[PDB]
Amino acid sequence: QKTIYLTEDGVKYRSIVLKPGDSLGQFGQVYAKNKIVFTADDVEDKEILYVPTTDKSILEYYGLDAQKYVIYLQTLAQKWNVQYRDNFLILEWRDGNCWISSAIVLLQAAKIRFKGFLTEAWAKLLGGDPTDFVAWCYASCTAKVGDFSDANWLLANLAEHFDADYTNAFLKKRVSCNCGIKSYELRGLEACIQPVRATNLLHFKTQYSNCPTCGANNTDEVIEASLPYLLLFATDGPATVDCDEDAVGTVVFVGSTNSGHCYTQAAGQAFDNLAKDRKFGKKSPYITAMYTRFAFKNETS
């Protein structure tokens, strides 16, 4: 006979006694962590089991809707290994998980801090248990283990929970064409995450397009920035350029839009969880660059 602990959130529990005859159907659907459970025979005395929730406070705590939360719980069964590369934790490779591994290295390079559910999940990962954090990553992208997914989608998802000073995050841009010289400002999270043609500061600071109102070439320039962090995302696939030395890290993409592989560069090193011996390359096909405590002002002419 067994006493098991049921939880909707991983914080509040209720105990339940399973007599030798009983089954798990009585609880509705249940999920276990780092093991697979089909029947009450698979559950040990004092084991914790997780159940789905529709409670708005719990879902808002997690930052997931009810359907993503179900995927979260499903991915709790997985068992991952963390490995150490110098001072960085990497997620041991399997099943196309390099987009997640890459995000994990990059956020270490930035010394990111989280708020909410992800604070404890990240702390647990850094302590050597990646289960909760990795399950959240899959969930946020509605992804199954085995899926490859957009590392920049994942980072944008995580960024919503950064414990960053978004209040005073500020970006001012100047647009020039035959319509005139105009300016616009971005604040908070939308200011910190920036789509670019290629991920370095040169391409961030000046963008070239054609104006849809007049006929001419237009120039969109950064003239002022004060940001807790800056994420540059490639808009049209990987673009091969020199990274900036100022970046805390970058993400490299190799392969095709179908069979693609990600790895992170930081502290002058390549962290490829699939290829141990990959070398740092300053010029690489980048999809991501990250900067911390970024500030800039352009007063010319």
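All residue numbers refer to positions in the sequence shown, first residue = 1.
Look at the C-alpha B-factors of 126-134 and of 208-216. On average they run higher in 208-216. Relative to one another, 98-106 and 83-91 have unequal mean CA B-factors, and 83-91 is the one with the higher figure. Residue set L49, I36, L64, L232: peak C-alpha B-factor at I36 (per PDB entry). Note on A270, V248, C262, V70: the highest value goes to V70, judged by CA B factor as recorded. For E185, the recorded CA temperature factor ranks within the middle third of the chain's modelled residues. Compared with the other modelled residues of the chain, the Cα B-factor recorded for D165 ranks in the highest third. The deposited CA B-factor of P285 belongs to the lowest third of values across its chain. The entry lists a Cα temperature factor for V43 that places it in the highest third of the chain's modelled residues. In this PDB entry, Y31 carries a Cα temperature factor that places it within the middle third of its chain's modelled residues.
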